[PDB]
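Neighbour counts are summed over all protein chains in view; Cβ atoms, including those assigned to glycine, are modelled from backbone coordinates with ideal geometry. Read-outs throughout are calculated quantities, based only on the coordinates presented, and are distinct from any laboratory measurement.
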Amino acid sequence: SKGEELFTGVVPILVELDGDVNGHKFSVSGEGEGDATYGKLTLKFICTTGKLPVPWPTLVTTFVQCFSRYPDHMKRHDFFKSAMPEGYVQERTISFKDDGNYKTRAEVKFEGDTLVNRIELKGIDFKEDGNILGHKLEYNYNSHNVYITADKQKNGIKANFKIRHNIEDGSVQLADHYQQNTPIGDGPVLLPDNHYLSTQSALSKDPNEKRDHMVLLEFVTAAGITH
């Protein structure tokens, strides 16, 4: 297919986010590359407005599931690549248990040969010294399953999953995710059978970087369908 063939090699990625969480405004720019053949993402993000007013881990899911590895036998279930190059809208509500919520709107599409994720994020209802605004989350990231279902009336998909953020006291901050994606263009897109994406992510720092930043290495494989 046209969209799947755009991902057989390494593809440059740009991420641009503007956010407002409880009136804290901020922006993030990211750069890196994806290799969907291996489900692989490598990026570096920089807060361009100074200090990031929320913990970096809370933004990982917001910061390109077209780079997930779909096994060959699951090609007919890969909505994300099928929407390319014209792209898709991705919307979420992220509910931090017993704290505030993010609502995100993003568009993911090619600009030339570069895959771009442009995001607007709005956060409300956060506790001033909760785990988010109080920066109580560990700088690490767990492994999840992202459950995908077709959303036929939208010519798209939905996803529902549970992100676990470790808290510095050893506890866990749940972030419930609900997601809907809608294609932008007029080519045919794939409406999948139920399946999920198996994720893992590693967060690190660049030792030469004194801006507030995050280095991310992530691997994602589609699963849950056998034939």
Problem set entry | segment 1-23: number of residues that are more than 30 Å from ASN101 (Cβ to Cβ) and among the acidic types (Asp, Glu) | 2
Exercise. So how many residues does segment 85-108 have that are charged (D, E, K, R), farther than 26 Å from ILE184 by Cα and touching a strand residue (DSSP E or B) at 6+ places or on another chain (Cβ under 6 Å)?
Worked result: 1
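Every residue, every condition in (1) under 18 Å from the mean Cα position of the chain (by Cα); (2) farther than 30 Å from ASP193 by Cβ; (3) surrounded by fewer than 20 Cβ atoms within 10 Å (Cβ to Cβ); (4) of a type in the set (D, E, K, R), yes or no:
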{"position": "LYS40", "(1), (2), (3), (4)": "yes, no, yes, yes"}
{"position": "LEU52", "(1), (2), (3), (4)": "yes, yes, no, no"}
{"position": "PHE63", "(1), (2), (3), (4)": "yes, no, no, no"}
{"position": "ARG69", "(1), (2), (3), (4)": "yes, no, no, yes"}
{"position": "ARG76", "(1), (2), (3), (4)": "no, no, yes, yes"}
{"position": "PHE79", "(1), (2), (3), (4)": "yes, no, no, no"}
For this session: Among the candidates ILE184, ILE157, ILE148, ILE163, single out the residue that is more than 26 Å from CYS47 (Cα to Cα) and out of contact with any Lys or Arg (no Cβ under 9 Å at 6 or more places or on another chain).
Result: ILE157
Exercise. Out of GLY134, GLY185, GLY170, which single residue is out of contact with any strand residue (DSSP E or B) (no Cβ under 8 Å at 6 or more places or on another chain), among the small types (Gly, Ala, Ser) and within 15 Å of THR58 (Cα to Cα)?
Worked result: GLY134
Exercise. Before we move on, is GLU86 in a strand (DSSP E or B) and either basic (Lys, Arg) or surrounded by fewer than 22 Cβ atoms within 10 Å (Cβ to Cβ) (or both)?
Worked result: no
Exercise. Which residue, of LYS158, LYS210, is farther than 22 Å from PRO71 by Cα and basic (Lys, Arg)?
Worked result: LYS210
Exercise. Hey, among the residues in segment 163-186 that are of a type in the set (S, T, N, Q) and closer than 15 Å to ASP151 by Cβ, which one's farthest from the chain's Cα centre (by Cα)?
Worked result: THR182
For this session: Would you confirm whether any residue within segment 218-225 is of a type outside the set (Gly, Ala, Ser), out of contact with any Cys (no Cβ under 6 Å at 6 or more places or on another chain) and over 23 Å from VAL89 (Cα atoms)?
Result: yes
